[PDB]
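Working notes, structure below.
So you know, we letter chains A, B, ... as the sequences are listed, proteins then strands, and number each from 1.
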Amino acid sequence: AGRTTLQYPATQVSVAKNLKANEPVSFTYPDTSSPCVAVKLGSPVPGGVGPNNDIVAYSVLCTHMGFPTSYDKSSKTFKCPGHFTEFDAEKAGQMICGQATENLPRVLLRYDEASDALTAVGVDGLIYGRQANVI
Amino acid sequence: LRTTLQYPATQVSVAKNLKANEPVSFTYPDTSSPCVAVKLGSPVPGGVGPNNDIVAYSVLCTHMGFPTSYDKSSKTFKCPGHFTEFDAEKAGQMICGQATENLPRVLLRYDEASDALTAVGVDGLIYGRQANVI
Amino acid sequence: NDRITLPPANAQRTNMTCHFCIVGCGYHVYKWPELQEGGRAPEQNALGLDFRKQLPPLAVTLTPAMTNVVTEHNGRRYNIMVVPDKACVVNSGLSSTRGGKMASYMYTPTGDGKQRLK
Amino acid sequence: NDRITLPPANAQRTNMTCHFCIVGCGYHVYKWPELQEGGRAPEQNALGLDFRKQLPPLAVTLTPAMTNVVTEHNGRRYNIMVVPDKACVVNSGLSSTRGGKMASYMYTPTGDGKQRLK
Amino acid sequence: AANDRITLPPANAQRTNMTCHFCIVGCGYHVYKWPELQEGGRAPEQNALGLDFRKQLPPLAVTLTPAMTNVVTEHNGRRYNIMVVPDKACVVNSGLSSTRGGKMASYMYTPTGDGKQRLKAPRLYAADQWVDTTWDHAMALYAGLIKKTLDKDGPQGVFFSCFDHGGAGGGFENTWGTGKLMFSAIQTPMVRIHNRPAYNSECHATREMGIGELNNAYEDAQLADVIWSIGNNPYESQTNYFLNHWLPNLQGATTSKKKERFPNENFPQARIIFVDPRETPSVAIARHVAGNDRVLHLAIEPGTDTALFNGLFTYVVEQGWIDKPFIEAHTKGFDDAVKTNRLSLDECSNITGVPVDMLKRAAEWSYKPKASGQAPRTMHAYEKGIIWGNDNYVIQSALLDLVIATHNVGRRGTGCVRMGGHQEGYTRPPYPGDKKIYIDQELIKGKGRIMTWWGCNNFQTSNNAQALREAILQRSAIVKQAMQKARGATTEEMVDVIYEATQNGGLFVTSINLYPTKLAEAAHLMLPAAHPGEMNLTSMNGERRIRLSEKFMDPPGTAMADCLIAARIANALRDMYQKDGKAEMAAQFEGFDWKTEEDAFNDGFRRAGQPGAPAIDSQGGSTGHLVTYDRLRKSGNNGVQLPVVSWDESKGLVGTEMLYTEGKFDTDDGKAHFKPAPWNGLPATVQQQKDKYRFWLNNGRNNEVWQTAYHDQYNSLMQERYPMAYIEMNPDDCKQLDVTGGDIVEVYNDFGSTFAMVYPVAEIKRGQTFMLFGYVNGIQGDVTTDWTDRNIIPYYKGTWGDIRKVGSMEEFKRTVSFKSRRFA
Ligand SMILES: Nc1nc2c(c(=O)[nH]1)N[C@H]1C(S)=C(S)[C@@H](COP(=O)(O)OP(=O)(O)OC[C@H]3O[C@@H](n4cnc5c(=O)[nH]c(N)nc54)[C@H](O)[C@@H]3O)O[C@H]1N2
Ligand SMILES: Nc1nc2c(c(=O)[nH]1)N[C@H]1C(S)=C(S)[C@@H](COP(=O)(O)OP(=O)(O)OC[C@H]3O[C@@H](n4cnc5c(=O)[nH]c(N)nc54)[C@H](O)[C@@H]3O)O[C@H]1N2
Ligand code: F3S
Ligand code: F3S
Ligand code: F3S
Ligand code: FES
Ligand code: FES
Ligand SMILES: [Mo+4]
Ligand code: NA
Ligand SMILES: [O]
């Protein structure tokens, strides 16, 4: 009793300096059934982390009906093959065009300068096909 | 040329309007041929619809042609003429009686897309007809 | 299946008592070349029944089981139709399920009588 | 008798190797609902042959022995037609008298396979 | 608060049926309602969804986001969780929700949510300020004015623009109620429709040729060899018809069903043809799904549809790719149409700009017999690109000539059909006049005492909208000025003050709405209406499938069903006449003794064609009486396709899949009638714009935005995405004007000036643009002309103008995606 927040795990993804510009890294968060991508965009964006404030991370499950989306490096979007929804990786998962009614969920990363570590520590948005982000 | 009868395609109803063990009446392949479709409530070989349980028959007795009546308690068709009884759960098999032919089955197409049941053919010869299509 | 070959108006007609039980119900056997048939008009078939429209109850006893095609010693093929006699006092046109099968239980090379001792 | 039900253009077609001898001739099995049929125009039947006029020699191997009506476990009746594959290298569309009867020797309740162990 | 979880519906939750509020498709949904302090368990049998939330769900298992949930507060003060989700077993959508439908829960009325500015009581502009007033005061003023106008001017002084449509803010109850009031009681001819400025049809030519515009099933799109989408962006505008029916055909999922229906017919891989000057998302997605080889984008010059169809008709006739037995048995006028419509492929190509090879290919795919002998099953789907096109009547004449000659009506897998906009739900008395009247022009010229906007907003959606707003705001001002000299006047004195103001150019304006809208800039009176779920409502989709949307919650405040608003007005008028000793005038307002919306259904839809009924025009037909609310409930979200053919308790409602399958058309002789289709170029008024100014100002829908954004304007996600109406522009045009994404431009011509944010789009052709229509920030229609066809149908897609940079909106650059909306 009491608690209003979900008990998110703290999961190491990588050190920031290992990420190459526009080369997505795959990981699971907050458990192995929830596929995510982190990408260094190469140019600062609102809420980007790391040395150049440019690293973002998302749940890749489409928020319409749950197909794994694919990161397109040329547009920096996530595209869903199910009903052609496309999300903007540079505008916090904003839906460019599609059938979803939620933005692509953001994986919240802590960036520690001391260690260079990126740690997944939360999700902003609801992951498809889940009652709560933490099962 | 043609070896087959030219059956019409006649809409009966949508499958989901049928209540278990409540017969629907229709005519097929013309207005002088009375038929019944019933949802049996339990899958049977060759049943159609979402639960593979909808069947349909000519109700004219294949003995001497009296309209049979569907009995809901036994799921049979009973003839008042000379007491033939057919099993709606065994493709018109004669349980007891004087007929030499099972009760003709109305062949239904079931279209998932529309939920339509369409009568498209008959398996067996309907009473008092040279061919099912007059 | 879903149709029957009608006996022609001039088809051969003989008398036949039922093969089986004591009642001795009266039947007629219609015999005719395989490649002929009756018309649907009542005066163009041997039954005298109107097959241009649905028949009422009790008008006939007629199923495919009451028909066959026999192959005679001369190799020629003939439609047969074995049906109850309406004017017989015994049965007044009634056929039991047993007598109703007589046509099917006549000898043919491919039918129910195929294993007849020859 | 004197006619055959053609396979519809959209009839199901499976591959079958002859049941019998070593040669292993190739055949196609056409299966379709009993109350459907193909048209005589070549593009309206599964064989692609023109039955609006007499066919020339070698155009087909097709007799009533190469056809049947099966009754499946669901009670539904289907036409079958078991015919040699013209493009099989083994036989180039030839059927022997033995393979040619495969349709007839499929199981049906009333046919040549009627006494099958069930 | 709480972004990262959802309250599941308990296993025993209440569940009602709801048809989507918005587009023609009419997708089926379920509404789950339950006390706020209860929830479902994650185990599948402990929640109402029957889904297993103890582990991740697979793709396609569910459509469920927080936007699909809400907490409502009812008239008793009690709070209930709601969940509005698509029905997996509805045939229309098979569990699909669009982004528009998907937001229904969010757009239900709650005190703190997106619906918080719902109209909850009568609003009055008391000369110089907005105030609340009572329903009785509102009726006394509104009825009072109408009565005064009837007594002095007759019905010609009383004006309406009203919905004629289905779904939310329409439907059979509502169209009947309004129509009975306007036409049987008041008996005014001064009535326009929500989307067009006279009392007319979108489909005069096809109707007159004998082919009502909704003549097929959605299953027909599954059975087709070829689909034409003419002036139509269906991925965005009719999403789930495109997704659930068209795409499965293009993917080969329906091939086995075609073959089962037609055992002796070839079914090649399905193909699709788009007639659209613009390369849309629909074109792109069709290419992605089917390959470039199975899509033909006939990227015509704007307004050249008639040339296109005359050239194809000429060609199919010359090749003999027509149904001569069908023409001979079932048509009239063919030989004449061959003469009048003759156009060579070279002439066709010069006018349209489409190469001759593409014209021939489209004919080959669509009309040349298949190998097996049968003509292709070609469904011809059209919408607003031609309905609001270059001469609505003539284009339909041309198109239908092609369709009829090729027997693409009445065969399964065919149809020449509207895609539709709203749902349908029309039951009304006949229009009481003998003339088409261009209502906006009448208003602009100073006619009328009182104008009511009912469930529409022509400030945002009129053609020539700037002329309209100007005139209405000024006429509204005159009334405002006259009202404010009053102090302590009775209602009846106020009626006289206002009426006098209208003799000096004024106009009393009433809006009957969900929300204030931009109409609040002019209105003197606003009445609160109720939408589906706050009321019962019946309507049908693009295949005539009628469904009941069930009430499950209260309206805000004293908001009422529009049919019951109409009854309230009628009863007020009756009472005034009775009091004034005018029995004959009172009698005209009888027949609105209605306590619930069902009463309107019984009085209208269910009376059509019945003995002792008056003249009623109903899409239910004369068997509408077989439909009841209880029977529709039993039918589910699948309903029945109209017309109903039979009913009994054991069978349910049995209806009609496709129209015209026996070749009997809706004309005097039972034949389809060909018509001449002259090519006369663009209208002179439009051509003048094109001659003066640089850019074609195409306009229409965005997938995410519904209509005038009446809900969407209050949705923070929607406003972050589209804070302003956007204009798709060619990048090279952009460079020439020194604009990029998130710059603001003025768009202007002789008809008006409006504003948009720049959206660079590589697929837009040079000298062409595309602006979002009807929006709350930058109204597109200001630059549309006053030109209409013979039946007063506007060429909304026919205007030209210039573009001027205002400047860079840095905030749009920071927050709005200008990435491509054409998926590849
Ligand atoms: N997302 C969403 N969907 C909706 C709506 C909504 O507001 N938002 N509104 C609904 C309503 S009421 C309607 S009416 C429908 C309308 O649906 P549609 O008519 O499908 O949509 P529009 O964008 O108005 O126009 C379709 C196409 O017409 C083209 N066009 C323009 N000029 C011409 C021309 O001369 N000829 C041809 N052949 N094409 C031309 C445009 O490029 C455009 O892609 O959408 C309904 N569905
Ligand atoms: N330039 C240009 N102009 C166009 C078009 C175009 O393509 N180009 N499209 C045209 C088309 S096809 C259309 S459909 C029209 C649309 O023109 P409108 O009909 O003017 O706009 P909508 O947003 O449908 O209007 C619905 C209104 O009713 C309200 N409403 C919603 N539910 C209810 C209800 O239950 N009761 C009542 N009383 N009010 C309700 C909403 O708040 C809103 O104000 O615009 C037309 N205008
Ligand atoms: S079995 Fe007996 S009842 Fe008659 S038909 Fe044969 S004699
Ligand atoms: S028996 Fe032998 S020759 Fe051929 S058709 Fe059969 S494989
Ligand atoms: S969800 Fe609604 S918006 Fe149209 S596509 Fe379906 S009726
Ligand atoms: S499942 Fe992703 S767009 Fe539908
Ligand atoms: S007529 Fe039916 S049992 Fe004899
Ligand atoms: Mo519209
Ligand atoms: Na004041
Ligand atoms: O519309």
Check: Between C/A59, C/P64, C/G38, which residue shows the highest count of heavy-atom pairs closer than 4.5 Å to chain B?
Finding: C/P64
Checklist line | Contact summary for C/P57 and B/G65, nearest pair of heavy atoms | finding: CG-O, 3.5 Å
Check: Among all residues two or more places apart in sequence or in another chain, which pass the ring pair (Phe, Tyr, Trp, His ring centres under 6.0 Å) test with B/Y70?
Finding: B/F77
Are there any donor-acceptor pairs closer than 3.5 angstrom between chain B and chain C, and if so, which ones?
residue, atom, partner, partner atom, Å
B/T3, O, C/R3, NH1, 2.9
B/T3, O, C/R3, NH2, 3.1
B/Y7, OH, C/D2, OD2, 2.9
B/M64, O, C/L58, N, 2.7
B/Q98, O, C/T97, N, 3.3
B/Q98, OE1, C/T97, N, 3.0
B/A99, O, C/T97, OG1, 2.6
B/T100, OG1, C/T63, OG1, 2.8
B/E101, OE2, C/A65, N, 3.1
B/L125, N, C/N1, O, 3.4
B/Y127, O, C/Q54, NE2, 2.9
B/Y127, OH, C/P56, O, 2.7
B/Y127, OH, C/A59, N, 3.2
B/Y127, OH, C/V60, N, 3.3
B/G128, O, C/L55, N, 3.1
B/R129, NE, C/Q54, OE1, 2.9
B/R129, NH2, C/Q54, OE1, 2.9
B/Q130, O, C/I4, N, 2.8
B/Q130, OE1, C/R40, NE, 2.7
B/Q130, OE1, C/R40, NH2, 2.7
B/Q130, NE2, C/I4, O, 3.0
B/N132, N, C/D2, O, 3.1
B/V133, O, C/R40, NH2, 3.3

